């Protein structure tokens, strides 16, 4: 029998666009998304175990895979429950995956800076505990080294206060980077505001790129160059893939839809 439900556990406190894309495909088959909220760290596993034991959904969507995620083992020990992970293939261990390509995106951003003559750049990244942290760092280190570009990074907690603090630090230590890439839009904006208050012109003295795009980047002063992921289409593909698994079709891993570097006013030749 079918419940016509897909399970998703969210963390308490991007996702909206993913849910819109998922819904655009689930509606075609009169499916619904069943959403629960994990308030703690082992809470998600407990909810998933309940769903599996009761057969309360037809498939599970796994987001934000960490290194050694306890969910992979859960799914592998329960192959009668379809699941799909949205992650780099290196983190999913054989489970059906809609694959991101952070290493590719890293290259696209760095080559854009290289073309503009940047030789000293920095990244303001998220927490080191993210499953994509080591993929991104390895890509940035390899590409920058191979292009003879100086590279430094600082970790933050995604808040504008943290992005602001990191930017102040990068702009105060000689030799000052001429471009900074931020792991989210809010920190790129906070960093641009820091540069402006400091009298560091964007983009004349400092280029800025946001990893991730939103209306915020369009509204900024100046508008911020962004690596844009097609989250809507990713969501749609994810739902289609889970429906295939539910239908009993074999599903090879699928690359997520291509990203695009949207060039705006915040990147320009290096000072």
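Positions refer to the first chain, counted from 1.
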| item | value |
| --- | --- |
| Absent coordinates between residue 13 and residue 14 - deposited residues affected, binned into four classes | 4 to 9 |
| Mean temperature factor over C-alpha atoms, higher-scoring stretch between 209-217 and 46-54 | 46-54 |
| Of 158-166 and 93-101, the one with larger mean CA B-factor | 93-101 |
| C-alpha B-factor winner, where the candidates are 233, 30, 204, 66 | 66 |
| Top Cα B factor in the deposited entry, candidates 106, 145, 80, 184 | 80 |
| Where the record places residue 34 (Cα B-factor, split into thirds across the chain) | lowest |
| Relative C-alpha B-factor of residue 4, binned into the chain's lowest, middle or highest third | middle |
| CA B-factor placement of residue 74, once the chain's modelled residues are sorted into thirds | highest |
| Chain-wide C-alpha B factor ranking for residue 138, given as lowest, middle or highest third | highest |
| Residue 177, C-alpha B-factor rank within chain (lowest, middle or highest third) | middle |
